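Notes follow once the structure below has been shown.
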Amino acid sequence: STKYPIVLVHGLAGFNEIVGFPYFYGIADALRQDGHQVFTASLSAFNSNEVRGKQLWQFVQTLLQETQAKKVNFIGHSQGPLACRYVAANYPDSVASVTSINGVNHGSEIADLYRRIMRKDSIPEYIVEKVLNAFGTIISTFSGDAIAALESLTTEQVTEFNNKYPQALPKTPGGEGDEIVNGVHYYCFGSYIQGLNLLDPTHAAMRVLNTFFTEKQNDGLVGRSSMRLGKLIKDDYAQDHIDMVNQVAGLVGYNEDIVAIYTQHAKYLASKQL
Numbered sequence: 002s003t004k005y006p007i008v009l010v011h012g013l014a015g016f017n018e019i020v021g022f023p024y025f026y027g028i029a030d031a032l033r034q035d036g037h038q039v040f041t042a043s044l045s046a047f048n049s050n051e052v053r054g055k056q057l058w059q060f061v062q063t064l065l066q067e068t069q070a071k072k073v074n075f076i077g078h079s080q081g082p083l084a085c086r087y088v089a090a091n092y093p094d095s096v097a098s099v100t101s102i103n104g105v106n107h108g109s110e111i112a113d114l115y116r117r118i119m120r121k122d123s124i125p126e127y128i129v130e131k132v133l134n135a136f137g138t139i140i141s142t143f144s145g152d153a154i155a156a157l158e159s160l161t162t163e164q165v166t167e168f169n170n171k172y173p174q175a176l177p178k179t180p181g182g183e184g185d186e187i188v189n190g191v192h193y194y195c196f197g198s199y200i201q202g203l210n211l212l213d214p215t216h217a218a219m220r221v222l223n224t225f226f227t228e229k230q231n232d233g234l235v236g237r238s239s240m241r242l243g244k245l246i247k248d249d250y251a252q253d254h255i256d257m258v259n260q261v262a263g264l265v266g267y268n269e270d271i272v273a274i275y276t277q278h279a280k281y282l283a284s285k286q287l
């Protein structure tokens, strides 16, 4: 068991209610089996990273009061790691670690393109259609207006965030950042789509989106290098953005045990006196 409780962090506050299961599919359940105290912070997707950061800090304050723990271990995905980074930067004595899993730490090329599409910025018709259809398929699969979530994840917006909260970012593109800054440990995981499975309709869509990145190694939403923060654990999983949280409902790539990435990392944290 970790010394400090684990807080799983993601954007999309309404996910569990709208979809009918957790964003981190089966993750909290497996972590608790291993004896860790686990909580989930589901943050507001349709606003800025700083707003999510503030929301997360309010969450953490209440949780520290309820647990009498002095710090938390953050495990964030996608939007999550940026909110985690805001909390660690402003309140480092309350944060034991930030673990980023496919975090949008340097911006999303797909969010960039989506913004050009919205601004009618000379995007050819055929590209507009491919991008929107892929996003439709992804949302439809979960559910049964997405610029709102991507607005805060463009390269321009995340560059501005990084300017304010530069802690643990790599000094060279695709490199590693410092493992410890202001006494907080930072770790990253990532993945990129590989190979030429079929039961998750989101994978085909993520592969459409993958083709529009200048960074060839990407998970459909974020380039491999953009994911980097602090010490690299592993980032060559053959998985898309959604696979890395064990979605949709456990349908992942290549029989990879996605849940095991999290439970092994929890033991790693415990080994670091976290």
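Numbering (the deposited numbering) for the sequence shown: 2 to 145, 152 to 203, 210 to 287. Backbone N, C-alpha and C define an ideal beta-carbon position, used for all residues, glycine too.
Residue span of the beta strand (DSSP E) that contains residue i, given as start and end
i: residue 76; result: 73 to 78
i: residue 191; result: 191 to 198
i: residue 102; result: 96 to 102
i: residue 41; result: 39 to 44
i: residue 7; result: 7 to 12
Minimum C-alpha distance to residue i - residue among the options
i: residue 150; options: 141, 64, 167, 10; result: Structure remark: the chain lacks residues between 145 and 152, so residue 150 is without coordinates.
i: residue 188; options: 199, 103, 175, 62; result: 175
i: residue 106; options: 247, 132, 36, 168; result: 168
i: residue 183; options: 37, 153, 239; result: 239
i: residue 75; options: 86, 69, 67, 221; result: 86
i: residue 138; options: 96, 215, 57; result: 215
i: residue 70; options: 49, 37, 83; result: 37
i: residue 253; options: 18, 79, 66, 282; result: 79
i: residue 45; options: 192, 267, 159, 230; result: 159
i: residue 52; options: 73, 40, 14, 72; result: 14
Residue i, buried or exposed, once every other Cβ within 10 Å from all chains shown has been counted against 16
i: residue 163; result: exposed
i: residue 180; result: exposed
i: residue 68; result: exposed
i: residue 2; result: exposed
Sheet register partners of residue i (DSSP bridge)
i: residue 236; result: 231
i: residue 245; result: 195
i: residue 187; result: 192
i: residue 250; result: 198
Element boundaries [alpha helix (DSSP H), containing residue i]
i: residue 137; result: 126 to 144
i: residue 23; result: Element bounds for residue 23: n/a, residue is neither H nor E.
i: residue 57; result: 50 to 68
i: residue 280; result: 271 to 284
i: residue 221; result: 214 to 223
i: residue 120; result: Run containing residue 120: none; DSSP gives neither H nor E here.
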